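Residue-level structure breakdown
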Amino acid sequence: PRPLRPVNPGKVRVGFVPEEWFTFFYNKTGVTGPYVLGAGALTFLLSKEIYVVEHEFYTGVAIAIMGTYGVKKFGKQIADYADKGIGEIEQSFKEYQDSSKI
Amino acid sequence: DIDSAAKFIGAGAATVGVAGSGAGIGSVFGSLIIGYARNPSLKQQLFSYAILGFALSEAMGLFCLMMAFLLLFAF
Amino acid sequence: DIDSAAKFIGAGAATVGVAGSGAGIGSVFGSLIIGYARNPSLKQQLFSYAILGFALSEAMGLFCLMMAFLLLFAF
Amino acid sequence: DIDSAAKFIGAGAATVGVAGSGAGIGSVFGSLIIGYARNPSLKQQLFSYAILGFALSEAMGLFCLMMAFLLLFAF
Amino acid sequence: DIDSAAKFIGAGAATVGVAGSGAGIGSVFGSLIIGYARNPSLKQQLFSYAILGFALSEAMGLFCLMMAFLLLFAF
Amino acid sequence: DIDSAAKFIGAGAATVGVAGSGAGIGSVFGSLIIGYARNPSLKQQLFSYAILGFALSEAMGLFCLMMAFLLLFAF
Amino acid sequence: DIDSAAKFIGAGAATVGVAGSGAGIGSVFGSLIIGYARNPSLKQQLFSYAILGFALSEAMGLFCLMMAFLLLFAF
Amino acid sequence: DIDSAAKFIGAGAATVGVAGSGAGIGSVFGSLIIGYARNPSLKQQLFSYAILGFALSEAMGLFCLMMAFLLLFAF
Amino acid sequence: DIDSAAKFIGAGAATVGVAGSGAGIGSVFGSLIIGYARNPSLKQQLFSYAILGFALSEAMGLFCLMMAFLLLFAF
Amino acid sequence: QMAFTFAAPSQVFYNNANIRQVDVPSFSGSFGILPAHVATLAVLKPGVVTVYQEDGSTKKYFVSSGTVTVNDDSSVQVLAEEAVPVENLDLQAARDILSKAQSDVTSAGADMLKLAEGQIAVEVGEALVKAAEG
Amino acid sequence: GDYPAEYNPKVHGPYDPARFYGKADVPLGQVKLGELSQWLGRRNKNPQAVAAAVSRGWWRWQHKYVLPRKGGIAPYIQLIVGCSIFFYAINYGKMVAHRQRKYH
Amino acid sequence: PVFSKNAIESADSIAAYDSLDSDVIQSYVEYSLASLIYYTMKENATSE
Amino acid sequence: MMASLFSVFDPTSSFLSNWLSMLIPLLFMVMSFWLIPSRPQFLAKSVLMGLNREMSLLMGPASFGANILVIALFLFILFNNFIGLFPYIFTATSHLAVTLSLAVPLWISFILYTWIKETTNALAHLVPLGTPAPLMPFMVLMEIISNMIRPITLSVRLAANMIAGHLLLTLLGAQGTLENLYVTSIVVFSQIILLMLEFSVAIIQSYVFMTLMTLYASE
Amino acid sequence: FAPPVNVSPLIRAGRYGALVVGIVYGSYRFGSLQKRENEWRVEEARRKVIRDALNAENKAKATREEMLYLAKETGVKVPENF
Amino acid sequence: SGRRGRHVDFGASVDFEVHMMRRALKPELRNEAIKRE
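Residues numbered from 1 in each chain as written, not as in the entry; some residues may be left out. Chains lettered and ligands numbered in written order. Part of a larger assembly, values for the part shown. Heavy atoms only, no water.

Looking now at the pairing of strand β2 (residues 19–23) of chain J. Residue and element names in this part refer to chain J. Counting buried positions over the 5 residues of β2 gives 4, a clear majority of the element. Of the pairings in the sheet, the one linking β2 to strand β5 (residues 47–53) comprises 4 bridges and is antiparallel in character. Bridge pairing in β5 links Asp23 to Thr50. Pairing geometry for β2 and strand β3 (residues 32–33), over 2 bridges, is antiparallel. Looking at the pairing, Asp23 lines up with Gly32 of β3. (Buried < 20%, exposed > 50% of the residue type's maximum accessible area, 1.4 Å probe, protein only. Helix = DSSP H or I, 4+ residues; strand = E, 2+ residues; numbered from the N terminus. Pairing = 2+ DSSP bridges.)

So, about the packing of helix α2 (residues 19–37) of chain E against helix α2 (residues 18–37) of chain G. Where α2 of chain E meets α2 of chain G, the axes come as close as 6 Å, and the angle between the chain directions of the two elements is 5 degrees. Classified by the angle their axes make, α2 of chain E and α2 of chain G are roughly parallel. The segment α2 of chain E lies against α2 of chain G, with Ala19, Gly20, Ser21, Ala23, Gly24, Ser27, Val28, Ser31, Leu32, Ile34 and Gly35 of chain E engaging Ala19, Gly20, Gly22, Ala23, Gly26, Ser27, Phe29, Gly30, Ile33, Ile34 and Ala37 of chain G. In terms of residue class, the contact of α2 of chain E with α2 of chain G is built from 11 nonpolar, 11 polar and no charged. (Axes fitted to C-alpha atoms, helices over the stretch in contact; angles between N-to-C directions. Parallel < 35°, antiparallel > 145°, perpendicular 65-115°, else oblique. Contact = heavy atoms within 4.5 Å. Nonpolar A, V, L, I, M, F, W, Y, C, P; charged D, E, K, R; others polar.)

Moving on, we come to the interface of chain E and chain G. Reports of interface size often rely on the accessible area that becomes lost once the parts have come together. At the interface, 39 residues of chain E touch 38 residues of chain G. Around 3,100 Å² of area is buried between chain E and chain G when both sides are counted, 78% of it from carbon and sulfur atoms. Looking at the side of chain E facing chain G, the largest losses of area belong to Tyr49, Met60 and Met67 of chain E, adding up to 21% of the total buried there. Counting every contact that joins chain E to chain G gives 0 salt bridges. Our enumeration of links across chain E and chain G arrives at 6 residue pairs in polar contact. Put simply, the parts of the chain that give the side of chain E that touches chain G at least two residues each are α1 (2–14), α2 and α3 (43–73) of chain E. Ranked by residues supplied to the side of chain E that touches chain G, first place goes to α3 of chain E with 13 residues. (Buried area = accessible area lost by both parts, 1.4 Å probe. Salt bridge = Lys/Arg side-chain N within 4 Å of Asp/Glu carboxyl O. Polar contact = N/O pair within 3.5 Å; in protein donor to acceptor, adjacent residues only side chain to side chain.)

A few words now on a negative patch on the surface. Taken together, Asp1 and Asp3 of chain G, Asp1 of chain H together with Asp1 of chain I make up a surface patch of like negative charges. Mapped onto the secondary structure, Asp3 of chain G falls in helix α1 (residues 2–14). Since its relative accessible area comes to 33%, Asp3 of chain G is described here as partly exposed. (Patch = residues over 30% accessible without salt bridge, like charges linked within 9 Å, V, L, I, M, F, W, Y side chains within 5 Å. Areas by Shrake-Rupley, 256 points an atom, 1.4 Å probe, with all protein chains shown as cover. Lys, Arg positive; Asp, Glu negative; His and termini not counted. Charge placed at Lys NZ, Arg CZ, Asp CG, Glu CD.)

On to the sheet that holds strand β9 (residues 84–85) of chain J. Residues and elements named next belong to chain J. On the basis of which strands lie adjacent, the open sheet formed by 5 strands has the order β3-β2-β5-β6-β9 and antiparallel pairing. The open sheet has two edge strands with one neighbour each: β3 and β9. Across the face of the sheet, helix α2 (residues 112–132) comes into contact with β5 and β6 (58–63) while running at roughly 160 degrees to β6.

What follows is about the sheet that holds strand β4 (residues 40–43) of chain J. Residues and elements named next belong to chain J. The strand order across the open sheet formed by 4 strands is β1-β8-β7-β4, and the pairing between neighbours is mixed. Two strands close off the open sheet at either side, each with one partner strand: β1 (3–4) and β4. Here 4 bridges tie β4 to strand β7 (residues 66–70), and the two strands are oriented antiparallel to one another. For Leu41, the partnering residue across the bridge sits in β7 and is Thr69.

To continue, consider unusual backbone geometry. In this structure, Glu49 of chain A takes a positive phi of about 60 degrees despite not being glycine. Within the secondary structure, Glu49 of chain A is located in the loop between α3 (32–47) and α4 (55–101). Here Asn39 of chain E, not a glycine, exhibits a phi torsion of approximately 55 degrees, which is positive. Among the structural elements, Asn39 of chain E can be located in the loop between α2 and α3. A relative accessible area of 10% places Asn39 of chain E in the buried class.

So, on to the side chain of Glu17 of chain O. Considering the arrangement of structural elements, one finds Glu17 of chain O in helix α2 (residues 10–22). Given a relative accessible area of 0%, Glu17 of chain O falls into the buried group. Contacts of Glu17 of chain O, omitting those with residues within four sequence positions, involve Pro46, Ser64, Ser65, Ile120 and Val124 of chain J together with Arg3 of chain O.

Going through the model one piece at a time under the given rule, you end up with 70 aromatic pairs over all chains. On the basis of an interplanar angle of 80 degrees and a centroid distance of 6.0 Å, the ring pair of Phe29 of chain E and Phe54 of chain E is categorised as edge-to-face. A residue pair is termed long-range when its members are at least 10 positions apart, and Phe29 of chain E in helix α2 and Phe54 of chain E in helix α3 qualify at 25 residues. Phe54 of chain E shares its class with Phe29 of chain E; the two are buried. Taken together, the ring pairs connect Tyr51, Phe57 and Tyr58 of chain A, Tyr88 and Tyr92 of chain K together with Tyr88 of chain M into an aromatic cluster. A cation over an aromatic ring shows up here: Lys7 of chain D above the ring of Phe8 of chain B, its NZ or CZ 3.6 Å from the ring centre. (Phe/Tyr/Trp six-rings, centres within 6.5 Å; stacked < 30°, edge-to-face > 60°. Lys NZ or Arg CZ within 6 Å of the ring centre and 35° of its normal.)

So, about the packing of helix α1 (residues 2–14) of chain C against helix α3 (residues 43–74) of chain C. All names here are of chain C. It is the contact of α1 with α3, at a shortest axis distance of 8 Å, that shows an interaxial angle of 170 degrees. By the angle between their directions, the pair α1 and α3 is classed as roughly antiparallel. Between α1, through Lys7, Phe8, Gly10, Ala11 and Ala14, and α3, the contact on the second element is made entirely by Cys64, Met67, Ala68, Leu70, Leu71, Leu72, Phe73 and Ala74. Of the residues that constitute the contact of α1 with α3, the class distribution is 11 nonpolar, 1 polar and 1 charged.

Keep in mind these numbers describe shape, not what the thing actually does.
Next up, the structure:
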């Protein structure tokens with residue numbers, strides 16, 4: 001098998017969770033299944049003191065809010081800037097091949 | 001008396017922050033003199049920034065004076 | 001109390017760096033007046049640099065006020 | 001006499017605010033030399049502004065002089 | 001107790017060493033406003049040098065802050 | 001015997017205030033050099049205001065040293 | 001017990017001078033900002049002298065910090 | 001024993017006041033460099049005025065150090 | 001024993017006053033940078049004055065070391 | 001890369017020639033110029049403009065007045081009233097005019113305009129004394 | 001540090017660090033749990049084998065979230081939460097020593 | 001074209017030029033005028 | 001205004017020790033497979049090639065190919081300050097051994113290479129230039145003390161920023177309550193301002209330490 | 001998203017059945033510990049007051065010893081009360 | 001300055017400055033440079 005480069009990465013919901021996890025429960029507990037298990041697990045860890053809500057939790061919230069604001073504000077510009085550099089490399093390589101043939 | 005001595009020493013050590021406001025006032029009002037010798041026609045907005053400079057330098061001087069009373073009467 | 005006196009003496013000597021905020025604010029806001037004495041039409045862009053200078057200088061002011069609280073209720 | 005002893009130390013540590021008057025007066029009146037070296041035509045407008053700066057800078061020195069007496073014969 | 005009491009006093013005396021870091025910060029960021037006022041076309045390179053100035057300015061105050069943290073609950 | 005002890009510490013801490021006179025004098029005579037380098041034709045007028053700067057800074061410094069003597073013989 | 005205890009008081013007051021080192025470093029690098037708006041062609045030679053200015057400025061803070069380590073555990 | 005102890009703390013506090021002469025000397029010889037970098041033909045009267053600033057700043061510095069000995073061996 | 005503890009506070013207090021030498025050294029080397037930005041052909045005379053500026057400001061710094069050494073093992 | 005246009009009503013010295021350093025005595029301070037200098041302009045004063053080309057050659061050009069302008073495109077336009085090399089000048093003549101200027105100052109009296117002219121010639125004479133004896 | 005000896009460029013083609021280049025074994029996904037003991041005992045537990053198994057899994061994850069052209073921030077958020085979750089369980093002893101509820 | 005001191009201060013691109021005060025601009029303008037007039041006088045005399 | 005807590009620097013809190021907290025930047029390294037790079041590879045390549053161009057003015061012949069070490073030192077510092085601010089990760093830079101590894105071996109590398117190559121110039125760096133005879137000896141002794149303990153303060157500087165940064169964040173977090181919306185929002189917004197300061201200083205501290213080592217490897 | 005597909009008619013019954021069981025066990029345990037919390041807090045408060053009163057007397061003794069040690073160190077006069 | 005303070009134009013200052021410069025051109029270039037009007 002020749003490894004072919006895909007164009008888009010794997011589908012992802014809620015920012016980071018794989019969609020392959022969410023679609024894994026569709027045939028048994030439907031779409032609402034993974035969200036129900038995630039909500040129940042979050043409730044269980046908070047209630048049974050497994051997740052210690054200490055001072056670092058507020059820092060974890062502050063990072064999450066800052067990260068969401070920073071990515072949503074500058075993500076399009078950076079991704080376009082990176083895709084611009086990729087296109088210039090692709091143009092440079094295809095022009096080399098055409099110039100060598102000519 | 002021992003905790004009264006702590007309040008008086010703590011107040012006398014917290015009232016040195018007004019020295020920095022004394023320097024910060026001198027810097028802004030000092031730079032105002034130079035900034036008004038060059039291009040004196042901008043007097044009104046120059047004076048506004050000078051008052052803005054005073055309204056933050058002296059105000060942070062009162063930040064320590066508030067802590068001076070916080071070590072004197074309140075706590 | 002002896003240890004209560006140590007907290008108060010530390011807190012009073014923790015208010016020292018408020019003077020540094022006053023000097024840092026007075027330097028930035030004064031130098032803004034000279035920087036604005038030329039180019040009066042460059043008000044808004046240069047104002048952003050000064051508030052950045054004010055925010056960092058006042059961040060040092062709250063940095064010293066951090067140890068003021070630590071020697072008042074924490075240690 | 002320990003409470004009076006702490007007040008003597010507290011007032012003695014409160015008279016360091018005169019250093020704020022020294023630097024502010026020195027910086028303002030030094031800047032007046034630069035501001036009067038060039039453009040001496042406005043030597044009355046600049047001098048009036050510097051005396052205003054000197055008065056506010058020296059007011060902080062009188063603030064700490066008051067605080068030294070406020071820990072001396074006020075409590 | 002008295003050993004711990006003097007550890008808190010030395011921690012407060014170590015908090016003194018942050019005011020001058022606030023002074024150096026205000027000097028760099030104030031002069032940055034002048035630096036951007038004179039020839040604003042060098043905005044990015046001058047900002048890099050002033051940020052380099054801020055890197056060493058607060059770090060000198062952090063030495064005393066770490067010394068304050070050493071005498072707070074580390075010594 | 002702690003009243004004489006408190007006077008010794010207080011007068012020592014009061015004598016720090018002459019530092020602000022030291023920095024101010026070094027500032028005004030520093031700016032006198034810049035003032036003399038730019039338009040030296042007003043040498044005596046600039047030097048006259050320089051002495052007025054010296055007579056308003058060192059006077060505050062010796063005002064603080066006077067308070068040091070008062071903290072040893074009046075307070 | 002008060003020997004190492006007051007050594008910790010002295011050590012906190014010994015590391016004060018790094019503040020002025022921070023003020024000194026900001027003075028050098030702030031003046032590099034004004035000194036680079038004019039004459040960018042001397043970037044390397046001005047920076048090398050500014051580094052020597054920075055090195056001698058940070059040497060003073062380390063000079064005080066070594067004195068703080070001298071009284072901490074070096075006896 | 002108390003009197004010798006408190007004189008030792010007081011003389012230590014009185015030795016801070018030479019810092020401003022340290023900043024003032026570093027200020028006046030700073031602006032001497034600027035004042036000589038512009039119109040160097042006046043080196044004779046510039047250095048005459050610059051040594052006037054040094055002979056006044058360091059004099060206030062020795063004024064503090066003279067008072068340090070007065071609280072170390074005289075009183 | 002009390003004289004041992006009082007020597008330690010005073011020796012630490014004596015090293016408070018080296019911050020001014022720290023700031024002034026940055027001032028004289030900062031103004032070297034501006035003074036050598038313009039007028040680059042006076043490098044030998046400007047840098048020789050920066051050495052003289054450093055030689056006198058650190059001399060005040062070593063005067064702090066002399067009194068710190070005087071209050072650590074001499075007296 | 002520093003274009004030099006040092007001209008005069010009498011002579012012409014440089015025309016878009018690459019110079020490493022030119023030090024100019026101006027009313028805003030006797031500062032110096034390097035390529036890609038500060039965008040500014042200043043007024044000349046009696047003093048010794050110096051030229052240090054790409055070969056490091058030192059040439060001294062005393063002027064009596066003029067203008068100095070540095071633009072953002074690293075273009076230097078120094079125009080001076082009468083620029084001459086200082087080798088064709090006399091220190092004895094410089095002090096003779098200086099002594100003549102001092103006589104004008106002393107004999108000015110209530111003539112404040114003549115007092116200004118004596119002061120102006122004093123500045124020119126003192127500039128040439130340092131120029132010729134250096 | 002070299003290419004694995006089981007790799008053959010003639011049959012497979014160019015090397016791909018996310019593909020297992022040994023004998024084609026039946027993966028654990030389709031094991032009906034009656035062969036679970038046989039499958040676990042068959043796969044060796046060498047430090048070399050598990051290190052190669054980690055890298056073959058890591059490059060599989062790179063092939064799904066980074067190596068595609070339009071790779072977003074999702075892998076770099078997944079790593080941060082993944083490391084935070086893993087390091088919270090490590091520091092569980094210090095965290096649970098404080099807690100919030102006395103009974104819970 | 002010949003401009004005035006007041007017009008020079010009000011110029012949009014004059015902010016990029018530094019070291020500008022009243023006396024510097026006034027003296028530079030009144031000497032730039034006497035350098036443009038001298039340039040035209042030489043051009044006019046040769047053309048005439 | 002309630003309380004405070006500390007001691008987030010225990011390497012052996014569990015039997016899987018906190019040495020794995022140093023092996024986390026190996027994950028974030030951009031492993032490259034394709035010819036045309038991906039988006040994060042090009043971003044990392046552009047940043048590093050940008051830093052190499054900026055440091056090219058200060059390289060010199062003695063650091064002819066040591067820029068890889070300087071850049072690797074930069075990325076190691078950045079990933080030990082950025083990762084130290086995420087909540088449930090022990091502060092690796094707080095441990096002095098990380099700072100010992102950061103400053104001591106490279107300083108000994110630079111001072112011994114300077115001493116072997118240019119011994120007189122190394123001693124002349126311990127004196128201010130153009131120093132007369134009566135001004136010589138006290139400047140030499142203090143600068144000898146300066147150059148001996150300067151990298152030790154560099155190690156202290158790298159430690160103290162993240163120690164003070166994490167102490168401030170833990171202080172702000174511990175003085176807040178989940179139930180009170182006003183206190184939680186104030187605590188969260190205060191930490192966001194503090195994190196923006198702490199993220200900014202962490203990048204700048206890594207940038208200055210690259211600049212300082214590039215200057216001190218040039219000589 | 002994907003179209004909805006109904007859950008198997010055994011997951012729902014197990015889910016809600018466990019939901020009801022958790023509610024009644026939650027009510028039973030909470031009430032049992034509420035009585036336990038009330039009786040434990042009362043006896044904890046009583047022994048805390050007695051312990052704090054004894055610790056206050058010990059702290060008063062230690063502070064006077066510390067104040068006595070300070071006056072011995074400073075060499076100042078010792079008052080009748082302290 | 002002194003010139004503006006005495007209300008003297010810079011052009012008049014220029015002519016005074018150049019006349020004093022020309023009077024110090026003793027050896028050969030005084031007559032050649034000064035062509036009068």
